[PDB]
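What follows is a short report on a single structure.
Within every chain, numbering begins at 1; the chains are lettered A, B, ... in the order of the sequence lines, protein sequences first and strands thereafter.
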Amino acid sequence: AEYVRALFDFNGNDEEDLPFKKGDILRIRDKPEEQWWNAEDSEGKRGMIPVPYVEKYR
Amino acid sequence: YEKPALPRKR
Ligand code: NA
Ligand code: NA
Ligand code: NA
């Protein structure tokens with residue numbers, strides 16, 4: 001699995017999006033676009049995330 | 001500190 005960590009907050013402004021807050025660890029599910037990836041949070045919610053707002057989890 | 005640009009969608 002591929003995990004990322006949020007660097008910034010994201011409100012989730014389209015309904016496909018997954019909102020998140022800085023520090024959230026998210027699992028990457030799919031990369032349909034270069035900068036928008038499908039991700040899942042610690043509650044199991046899913047949606048699209050802006051890649052610029054996250055880093056590799058390590 | 002400064003937030004990146006929110007990227008364009010397809
Ligand atoms: Na991994
Ligand atoms: Na927000
Ligand atoms: Na969703």
Side-chain angles (χ1 to χ4, degrees):
Chain A
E2 188 170 358
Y3 291 89
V4 298
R5 170 207 292 123
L7 299 167
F8 300 102
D9 290 352
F10 175 52
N11 184 56
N13 309 308
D14 297 346
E15 293 294 303
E16 70 177 348
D17 294 346
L18 180 68
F20 59 78
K21 308 295 180 176
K22 177 177 188 308
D24 288 353
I25 309 301
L26 308 173
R27 200 173 51 78
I28 303 310
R29 295 188 58 253
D30 199 30
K31 307 183 177 169
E33 279 76 45
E34 291 182 355
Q35 306 195 265
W36 288 93
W37 293 350
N38 191 95
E40 182 179 310
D41 70 22
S42 72
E43 311 185 298
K45 304 199 312 294
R46 304 168 173 185
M48 299 310 294
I49 65 164
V51 173
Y53 286 18
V54 308
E55 58 175 3
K56 285 195 173 244
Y57 172 67
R58 77 290 186 172
Chain B
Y1 177 72
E2 36 180 291
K3 208 152 165 171
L6 193 59
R8 289 280 177 87
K9 285 189 174 182
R10 159 167 57 88

In residues 2-10 of chain B, what donor-acceptor pairs under 3.5 Å come from side-chain atoms, sequence neighbours left out?
from, atom 1, to, atom 2, distance (Å)
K3(B), NZ, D9(A), O, 2.8
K9(B), NZ, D14(A), OD2, 3.0
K9(B), NZ, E16(A), OE2, 2.8
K9(B), NZ, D17(A), OD1, 2.7
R10(B), NE, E33(A), OE2, 2.9
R10(B), NH2, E33(A), OE2, 3.0

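Of the inter-residue distances, the one linking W36(A) atom CH2 with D30(A) atom CG reads 15.0 Å to the nearest 0.5 angstrom. Once rounded to the nearest 0.5 Å, the distance linking NZ of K31(A) with CD of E34(A) reads 11.0 Å. In this structure, the separation between CD1 on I49(A) and CG on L26(A) is 5.0 Å, given to the nearest 0.5 Å. Between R5(A) atom CZ and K56(A) atom NZ the span is 12.5 Å, to the nearest 0.5 Å. One distance of note links CD1 of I25(A) with OG of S42(A); it measures 9.5 Å at 0.5 Å rounding. Here the CG-NZ distance, from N11(A) to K21(A), works out to 7.0 Å after rounding to the nearest 0.5 Å.
Side-chain contact between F20(A) and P50(A) is present, with at least one heavy-atom pair separated by less than 4.5 Å. Side-chain contact between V54(A) and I28(A) is absent, with no heavy-atom pair separated by less than 4.5 Å. Counting heavy atoms from C-beta on, the side chains of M48(A) and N38(A) come closer than 4.5 Å.
Contact between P52(A) and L7(A) at its shortest, heavy atoms only, is O-CD1, 4.5 Å.
Counting heavy atoms of neighbouring residues, nucleotides and ligands inside a 6.0 Å radius, atom NZ of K22(A) does not exceed 12 of them.
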